[PDB]
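Fold and contact review
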Amino acid sequence: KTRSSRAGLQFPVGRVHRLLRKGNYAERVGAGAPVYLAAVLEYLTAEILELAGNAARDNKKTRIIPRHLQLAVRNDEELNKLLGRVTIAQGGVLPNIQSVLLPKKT
Amino acid sequence: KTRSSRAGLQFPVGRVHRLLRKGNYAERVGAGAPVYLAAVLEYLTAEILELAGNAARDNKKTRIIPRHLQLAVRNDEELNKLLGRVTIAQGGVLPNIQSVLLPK
Amino acid sequence: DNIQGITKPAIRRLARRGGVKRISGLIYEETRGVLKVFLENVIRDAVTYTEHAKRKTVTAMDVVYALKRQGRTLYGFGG
Amino acid sequence: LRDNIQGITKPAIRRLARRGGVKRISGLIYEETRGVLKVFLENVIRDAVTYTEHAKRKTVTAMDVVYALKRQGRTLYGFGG
Amino acid sequence: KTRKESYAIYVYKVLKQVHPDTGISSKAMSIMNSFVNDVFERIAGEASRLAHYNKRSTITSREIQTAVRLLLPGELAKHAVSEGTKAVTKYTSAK
Amino acid sequence: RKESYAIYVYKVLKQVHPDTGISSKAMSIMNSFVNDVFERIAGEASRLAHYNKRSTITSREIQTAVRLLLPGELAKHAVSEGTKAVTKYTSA
Amino acid sequence: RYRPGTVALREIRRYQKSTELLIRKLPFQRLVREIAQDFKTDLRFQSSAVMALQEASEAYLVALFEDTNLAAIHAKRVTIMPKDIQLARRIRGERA
Amino acid sequence: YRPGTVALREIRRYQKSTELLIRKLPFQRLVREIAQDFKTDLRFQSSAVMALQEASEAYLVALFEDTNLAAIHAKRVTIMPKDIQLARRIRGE
DNA sequence: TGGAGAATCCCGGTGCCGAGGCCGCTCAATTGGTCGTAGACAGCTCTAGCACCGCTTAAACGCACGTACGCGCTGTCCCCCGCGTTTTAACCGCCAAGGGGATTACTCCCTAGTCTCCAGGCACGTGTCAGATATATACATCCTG
DNA sequence: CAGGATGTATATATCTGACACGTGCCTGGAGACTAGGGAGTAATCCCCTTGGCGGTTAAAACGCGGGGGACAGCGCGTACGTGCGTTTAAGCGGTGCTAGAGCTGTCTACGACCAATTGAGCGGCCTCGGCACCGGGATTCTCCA
C-alpha cells in the first residue's frame with residue numbers, strides 16, 4: 001500500500017509529491033517524477049555515505065561526525081566539483097602543504 | 001483606460017501583472033505588487049539611457065551603439081557591482097593601462 | 001575600542017591555518033578591513049530580511065538564506 | 001587527426017591579449033590557451049546539447065545557448081529573445 | 001502570423017521622454033530588453049522565495065519592497081524604493 | 001510539528017554500513033544537503049518546463065535536469081539507476 | 001631552542017586534523033552586535049545565529065588564506081605582504 | 001625598427017575598438033567537432049554559433065585581465081603559462 | 001638638439017540601409033460581477049535571550065633579540081618583439097536543395113480536486129555506552145653536534 | 001650521520017549526555033471517483049541551415065636580427081619568531097525576567113474565475129536621414145643623426 005514499497009526505495013514518494021506540489025514549481029506535475037527524484041537522491045545519498053563510512057573506517061571511529069563528511073566531499077575529485085561552492089559546518093580543512101615550503105638537506 | 005494611466009507611469013502594469021499570474025512565482029499576487037514592479041523597472045531602464053545619452057554626446061553620435069551601454073555600466077561602480085556577472089555583447093572593455101606597464 | 005574585538009594572536013591562528021611560515025605586520029589591520037566589509041554585507045541583507053518577518057531577533061534560520069543570495073549556501077543549522 | 005583545435009592561429013591569441021592589457025607574451029602560452037578555451041567550451045556546449053536533446057530538436061538555437069551560460073553564472077545579453 | 005512580445009516601443013518612448021533627440025539601434029534595444037527581462041526575473045524570483053519562506057501565498061508591496069532592498073546596492077536602492085513608493089501612493093490615491 | 005528527513009537516510013546508512021552510527025550534528029549536515037539538492041534539481045526542472053512552454057512535469061523532463069547539474073561519472077550512473085527504478089514501477 | 005619556522009610546520013599538522021572553531025566566541029558576540037545596533041536599533045540574536053556567523057567568517061578567512069598562500073608562493077616569497085590580499089580580491093572579482 | 005612603439009600602440013587601439021578577435025570559421029569548424037563528441041549529425045543556427053564566439057573571448061579578455069595582474073605581482077612584464085595556472089586556481093575553477 | 005617618415009585625426013562628399021513611423025488588423029487588457037479564503041488582528045501562552053556576578057585559568061599582551069628573509073643592484077643571455085617577404089585561406093555573393101522547426105487540428109488519457117479513511121512519522125521519554133578527557137608510555141621528529 | 005630533548009601518537013579507566021529505540025496519537029498518505037484540458041500525434045509549408053564555387057585581398061606564416069627583460073646571484077638591513085614573564089578577560093556555572101515568537105480563532109476585503117467590450121499593441125511596408133566609406137590634407141612624435 002505504501003508507494004515507496006511499490007517502487008523499492010527509502011525516500012517516500014508521497015512526501016516528495018506534496019512538497020514538489022506545495023513548492024509551486026509547476027501547476028501540473030506528474031506521478032513518475034516524484035518516483036524518479038527520490039531515486040536520484042537515493043543514489044546521491046548512497047555515494048556520500050559510502051565515502052563517509054570509508055572515512056569513518058580508517059579513522060577507526062564507528063560514529064560519523066561532520067569531520068568525516070568533510071573527508072567524504074573533499075577527497076573525491078568529482079563531487080567537490082558539484083558542491084565545492086558549499087561550506088560545511090564543523091568540517092575542517094584538507095591536509096595540504098606545498099612541497100616548496102618544506103626544507104631540504106635534512 | 002489602462003492601469004498605467006491611473007498610476008501615471010509609462011511601462012505597462014497589465015503586461016507585468018499578466019506574467020505575474022502564469023509566471024508561477026506564487027499563485028496569488030497582491031494589487032500593488034505589479035504596480036511596484038513596473039515602477040522599479042521604470043528607473044532601471046532610465047538609469048541607463050541618461051548614462052548612455054551622456055556617453056552619446058561624448059562621442060557626438062545621435063544613435064546609441066552597443067558600445068555606449070557597455071560604458072554606461074562599466075564606468076560606474078554602483079552599476080558594475082550589480083552587473084558584474086554578466087557580459088554585454090559587442091561592447092568591448094573600457095580602456096585601462098597600468099602605470100607600471102607605461103614606459104619612462 | 002569595541003571595534004578591536006578581533007584579537008591579534010587569533011589572526012595568527014587564521015594565518016597559521018593558512019600554512020605560511022612568516023606573517024607581515026600590516027596584514028592584521030588589512031584583514032580587519034576586508035572581513036568587516038564581508039560581515040557588513042551579510043547583515044546588510046539579513047537584517048532587512050529579519051525586518052520583513054515582523055521580527056526583531058535574527059534567528060539561525062533567516063541568516064542561511066542571506067548567504068545563499070550572496071552565493072555561499074551553508075549547511076548544518078537547517079535550510 | 002586534423003588541425004581543428006589549432007584552427008585558431010598565432011595572431012588570434014595575440015589580438016585577445018592586447019584587449020586584455022598585457023605587455024609581453026610567451027610562445028609556450030599558446031597551446032595551453034587552446035586547452036583552456038576547449039575545456040570552457042567542453043562545459044558550455046555540453047549544457048546546450050542537453051537542452052537541445054530535451055526540446056526534441058537536432059539544431060541548437062540561439063536561445064538555449066544563452067541559458068547554458070546562465071547556468072554557469074556567465075550570463076549573456078543581446079540574444080535572450 | 002506569429003506573436004512575439006517585446007518592450008521595444010516601451011524603452012523607445014522612455015528614451016524619447018528623457019532624451020528626445022537620441023536614437024537607439026535595434027541591437028541596442030535587444031540588450032535593453034534582455035537586461036530588463038533579466039532584472040525582472042531576478043526580482044520576481046527573489047520575491048517568490050521570500051514569500052515562500054514566510055509561509056505567505058501572496059506577494060504584496062512589502063515583499064517586493066524587501067526584495068528590492070535585498071537586490072539593489074545602497075543609494076540606487078533607496079532612490080528606487082522612494083520613487084516606487086511615490087508611484088504606489090499615487091496609484092492608491094486615484095481610482 | 002517540525003518534520004525532517006531523520007529516519008529515511010538512517011535506513012540507507014544501515015543498508016550499506018549496518019554497524020555504524022551518525023551524530024545529530026552530522027544528521028543536520030546530511031538533512032540540509034538533501035534539502036538543498038531538493039530545490040536545486042527541482043528548481044532547474046521548474047524553469048526548464050517553462051522554457052519550451054510545457055506546463056506538465058514528466059519523469060522524462062526531470063531526467064535532463066539531472067544531466068545538467070552533476071558532472072560526468074555521477075551524471076551517467078544516476079540516470080541509469082533511476083530508469084530501472086521507474087521501469088519496474090510502471091510494470092506493477 | 002628551535003630553529004624558527006620549524007615549529008610553524010609542527011603547529012601545521014595539529015591544525016590540519018582539528019576542526020574546533022578558531023577565534024573566540026564572545027569577543028565575536030560584541031563585534032557583530034555593535035554593527036547591528038548601529039544598523040537598526042533594538043536588534044536581538046539567537047545564540048545559534050552567531051554560531052552560524054563564526055563558521056561563516058572563518059570559512060571566508062581560511063579559504064582566502066590558502067588562496068593568497070599560493071599567490072605568495074608565485075612571488076617566490078614566504079611572507080604575505082598585503083599586496084597579495086588586494087590581488088586575491090581582484091582576481092576573485094569581489095572588489096574590482 | 002621601432003622598439004616599444006608598436007608594443008604600446010596595439011593595446012590602445014584594441015581596448016578602444018569593438019571588433020572581434022576570434023576568427024569565424026576556425027571557431028565555426030571547431031564547435032562542430034566538439035559537439036560531434038557528444039551527439040552525431042548536429043545542426044547549428046547562425047546566431048547560435050555566433051553567440052558562442054563573443055561568449056568565448058569575453059571570458060578570455062577577462063581572463064587576460066587576471067594574468068596581467070599576476071605578471072606585475074611577480075615584478076615581470078612577460079606572462080608565463082603558470083600565470084594561467086595561477087588565476088584559474090585563484091578565481092575558483 | 002633638428003628631421004623625416006610612420007601613424008593618427010579630421011574634413012568633404014556620398015550612397016546605402018537601418019531606424020522610424022504610419023496603416024490596417026487583432027488579441028489580451030479592462031470593466032463589471034461574485035465568493036471564499038488568505039491574511040490581518042488581537043488576545044493568551046511560555047520559551048528563550050539578555051543580563052548581572054564571581055572564579056579560575058588559558059590565552060592574550062608586552063618585551064627581547066638573532067637570523068634568515070625581503071628588497072635593491074647588477075650582469076648575462078636568449079627569447080621575444082618587430083619588420084619584410086611569401087603564403088594562406090577568409091569574405092561576399094551568387095545559386096541549389098531539402099530538413100526539420102513551427103503552426104493548425106483532433107482525442108484522450110491522466111492528473112487536479114473532493115470525499116473518505118487509515119497508518120507511519122513525529123513529540124515525549126528512556127537508558128546506555130562511545131568517544132572526550134586524562135596521565136603514563138613509546139616514538140619519531142629536529143637541534144647543535 | 002648522531003645523541004639527546006622533547007611534541008606527537010598510543011593505551012586503558014571512566015562517565016555522561018547525546019544516541020538509538022519505544023508509545024501513541026494525529027494529521028498527512030492513500031484509495032476512490034469524476035472532469036476536462038495539456039499534451040500526444042500528425043500533416044503541411046517555409047524559413048533557414050547547409051553546401052559549393054570563385055574572385056579578392058586582408059591577413060596568416062616564416063625567417064632573421066637585435067636589444068631589452070628574466071633570472072641567478074649577491075649584499076645588506078630589518079622584521080618577525082620563539083621564548084618568557086605579565087596582564088586580561090575568555091569562558092563556566094547559576095538565577096531571573098521579561099520581551100516577544102507561536103498558538104488560537106473570528107472576520108472581511110481582496111483577488112480569483114468569468115463574459116464582453118474594445119483600443120493598446122504589432123506585423124508589415126514605405127521613406128529618408130544618419131552614418132560608415134572613399135579619398136585627400138592637416139597634425140603629432142618617436143627614432144635617426
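As presented, residues are numbered from 1 along each chain according to the written sequence, a scheme that may differ from that of the entry, and residues lacking coordinates are left out. Whichever chain is written first is A, and whichever ligand is written first is 1; the rest continue in order. The basis for every side-chain value is the complete set of non-hydrogen atoms in the structure, without hydrogens or water. Residues with missing side-chain atoms are left out of burial classes, side-chain pairs and their counts.

Comments concerning the protein's contact with DNA strand J
We call a residue near a molecule or strand as soon as one heavy atom of that residue lies within 4 Å of the molecule or strand. Around DNA strand J, a shell composed of 69 residues is seen, among which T56 of chain F, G5 of chain G together with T5, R32 and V77 of chain H lie nearest. Backbone atoms, meaning sugar plus phosphate, form 98% of the atoms of DNA strand J positioned within 4 Å of the protein. Within the backbone of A31 of chain B, one N or O atom sits 2.7 Å away from a phosphate oxygen of DNA strand J. Under the rule applied, a polar contact is a pair of N or O atoms within 3.5 Å (in protein, one hydrogen donor and one hydrogen acceptor; residues adjacent in sequence only if both atoms are side-chain atoms). Contact distances for DNA strand J include 3.3 Å between a phosphate oxygen and a backbone N or O atom of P3 of chain H.

What about the UniProt feature "domain: Core Histone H2A/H2B/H3" (unreviewed entry) in chain H?
UniProt positions are given in the numbering used here, feature names are shortened, and annotations may be inferred rather than shown by experiment. Using the residue numbers shown here, the UniProt feature "domain: Core Histone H2A/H2B/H3" (unreviewed entry) corresponds to residues 3–90 of chain H. The distance from the first to the last C-alpha atom of residues 3–90 of chain H is 34 Å, and the span holds 72% helix and 2% strand. Only DSSP runs of H or I covering at least 4 residues are called helices, and only runs of E covering at least 2 are called strands; the numbering of each starts at the N terminus.

Focus on the interface of chain E and chain B
On the chain B side, the residues contacting the 56 residues of chain E number 45 residues. When two parts are put together, the accessible area they lose, computed with a 1.4 Å probe and summed over both, is reported as buried area. Around 4800 Å² of area is buried between chain E and chain B when both sides are counted, 71% of it from carbon and sulfur atoms. Per-residue buried area on chain E facing chain B is highest for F40, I59 and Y91 of chain E; these three make up 13% of the total on that side. Each reported salt bridge corresponds to a side-chain nitrogen of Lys or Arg within 4 Å of a carboxyl oxygen of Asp or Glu. On inspection of chain E and its partner chain B, the count reaches 1 salt bridge. With its nearest N and O atoms 2.4 Å apart, the salt bridge here joins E5 of chain E to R15 of chain B. On inspection of chain E and its partner chain B, the count reaches 13 residue pairs in polar contact. Within the residue set of the side of chain E that touches chain B, elements represented by two or more residues are helix 1 (8–18), strand 1 (23–24), helix 2 (26–52), strand 2 (58–59), helix 3 (61–71) and helix 4 (74–93) of chain E. A per-element tally of the side of chain E that touches chain B places helix 2 of chain E first, with 14 residues. Nonpolar residues are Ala, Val, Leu, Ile, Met, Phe, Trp, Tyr, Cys and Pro. Charged residues are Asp, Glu, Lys and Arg, and all others, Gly as well, are polar. Split into classes, the residues belonging to the side of chain E that touches chain B amount to 29 nonpolar, 16 polar and 11 charged. Between any two strands, pairing holds if DSSP finds at least two bridges. As paired elements, strand 1 (residues 28–29) of chain B and strand 2 of chain E share 2 bridges and run parallel to each other. Note on contacts: a residue pair is in contact if any heavy atoms of the two residues lie within 4.5 Å.

A short note on the protein's contact with DNA strand I
Looking at DNA strand I, there are 70 residues lining it, with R6 of chain B, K21 of chain C, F45 and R77 of chain G together with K24 of chain H nearest. Counting only the atoms of DNA strand I that lie within 4 Å of the protein, the sugar and phosphate share comes to 99%. Separating a phosphate oxygen of DNA strand I from a side-chain N or O atom of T58 of chain E is a distance of 2.6 Å. Interatomic distance of 3.3 Å between a side-chain N/O atom of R43 of chain H and a sugar or linking oxygen of DNA strand I. Each residue belonging to the surface near DNA strand I can be placed in one class, and the counts come to 15 nonpolar, 19 polar and 36 charged.

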